[PDB]
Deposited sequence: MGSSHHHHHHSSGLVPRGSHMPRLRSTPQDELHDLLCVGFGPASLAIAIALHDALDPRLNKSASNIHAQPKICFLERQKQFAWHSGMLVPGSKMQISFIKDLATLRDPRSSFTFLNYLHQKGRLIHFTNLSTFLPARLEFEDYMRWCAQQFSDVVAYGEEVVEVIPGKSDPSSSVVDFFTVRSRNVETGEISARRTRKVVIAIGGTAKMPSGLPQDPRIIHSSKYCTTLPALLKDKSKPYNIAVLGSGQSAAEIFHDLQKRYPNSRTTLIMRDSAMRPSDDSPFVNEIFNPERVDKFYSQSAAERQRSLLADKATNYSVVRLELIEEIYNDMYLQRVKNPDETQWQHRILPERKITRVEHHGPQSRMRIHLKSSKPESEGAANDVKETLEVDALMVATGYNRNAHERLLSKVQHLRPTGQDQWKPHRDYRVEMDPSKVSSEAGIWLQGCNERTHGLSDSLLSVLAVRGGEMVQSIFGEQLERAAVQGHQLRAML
């Protein structure tokens, strides 16, 4: 994809360059390849200084939780140059991965696969750009009708505010860390999204006997609890969960069909109540769950401590189920905080050097980013309403049919449990290219 001058009127601007935007960029490339099919002025803005995929949780040994066939191209076109298999071949690694007999690459490897993808679009991506607002624009003096948008971004290095004009906008900014409201702010209280990048700076000495607590019972909580035991081999770690136990993620094959690309149509057209009941019944596919293999390795590690000492209170690493944090003392010059625990049903204290908080994410950042254009929604809406093709509803007497804003990655409530994942990314990128660029390339 060729770059467009920054001051020119773009056909599309995407906010964020994570996998969701990357799959749009790939799909456009493939849609423009005569070899694969029957140029738009595009750019991408990403706040990070270079492409990176959840680097705070690139835990040593952590694995993907989705078949590599669900990559950024293969489900739309296995012939694409951006398949995961073509990447291995380009690296001289395909025969070697074949002998792994796994559908589950290491997270480190799949991120390098996406880095290999992203770097081929570097001419159309501006890194170190934090988008802060979308502002309406009207190109014609005669009309009060909005027919473009001005996107404003702050450069993370200079702080300078730059402005770009585009006819259409995509918001693909993933999630922001979700914290329990009652925890106080403190350098020693670190969300899972920043585990690998900040906790080593906080606890520099790998051999010191730190007390480190982990809050949560889902995949990130189990991976952090397990990694800590290897990363700090002399530590005393504690897993604090509201649930009675870690529970297994569900990717049994019939259940897993809710993630098929062709289900988005059927999910979207069902009623709101039916959608919420469906999301709840399938909660075990994605939320507050741990891969069984990790459950079993952690259970075996607990069992070995039981062999060595039958008294669980003396174990080096413990799990405290059905617990909730009632108070955290974080004042004073001392190394450690005092966490107060009660049962999580409708006394005990831990002194810890750090509390890792694995409570997931919110996906509501588009509301702050779009506030200066929310007066363009149809009358009476307090939320953005994406259509099946992901374009939000605008008042048609206020917005031209040539302008629009699309949302990506935050539509689980309307489009299904695959919306925030990689599951439908290859196909969605294709649908998006037809939606945003169809008539232009036709």
Deposited residues absent from the coordinates (by C-alpha): 1-23, 62-68, 377-385, 482-494
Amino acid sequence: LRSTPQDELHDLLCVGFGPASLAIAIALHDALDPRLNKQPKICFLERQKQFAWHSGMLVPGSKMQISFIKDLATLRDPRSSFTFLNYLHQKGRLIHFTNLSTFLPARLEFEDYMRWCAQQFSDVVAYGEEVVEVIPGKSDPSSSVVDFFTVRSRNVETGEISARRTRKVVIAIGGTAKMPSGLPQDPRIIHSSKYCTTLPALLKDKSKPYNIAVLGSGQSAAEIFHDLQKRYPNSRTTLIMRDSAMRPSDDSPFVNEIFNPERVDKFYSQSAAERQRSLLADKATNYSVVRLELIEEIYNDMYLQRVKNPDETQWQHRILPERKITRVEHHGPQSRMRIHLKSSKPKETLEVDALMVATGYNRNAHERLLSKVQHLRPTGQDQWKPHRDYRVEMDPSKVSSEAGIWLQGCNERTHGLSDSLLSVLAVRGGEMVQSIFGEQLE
From here on, numbers count along this sequence of modelled residues.
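In this text, the rigid core denotes the largest set of C-alpha atoms whose superposition between the two forms falls within 1.5 Å.
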Compare 325-333 with 298-306 and report which one shows the larger root mean square C-alpha deviation from this form in 6 other deposited structures of this protein once the rigid core is superposed. 325-333
Mean Cα B-factor comparison, 64-72 or 395-403, giving the higher one as deposited: 395-403
Name the higher of the two by mean Cα B-factor in the PDB entry, 121-129 versus 75-83. 121-129
Residue selected from 235, 286, 217, 90 by maximal Cα B factor: 235
Residue with highest C-alpha B-factor in the PDB entry, from 230, 96, 340, 263: 340
Third of the chain, ranked by Cα B-factor, where residue 29 sits: lowest
Taking the entry's C-alpha B-factors for this chain, is residue 329 in the lowest, middle or highest third? middle
Splitting the chain's C-alpha B-factors into thirds, which one does residue 109 fall into? lowest
Could you place residue 268 in the lowest, middle or highest third of its chain by Cα temperature factor, using the values in the record? highest
For residue 44, the third of its chain by CA B-factor is the middle
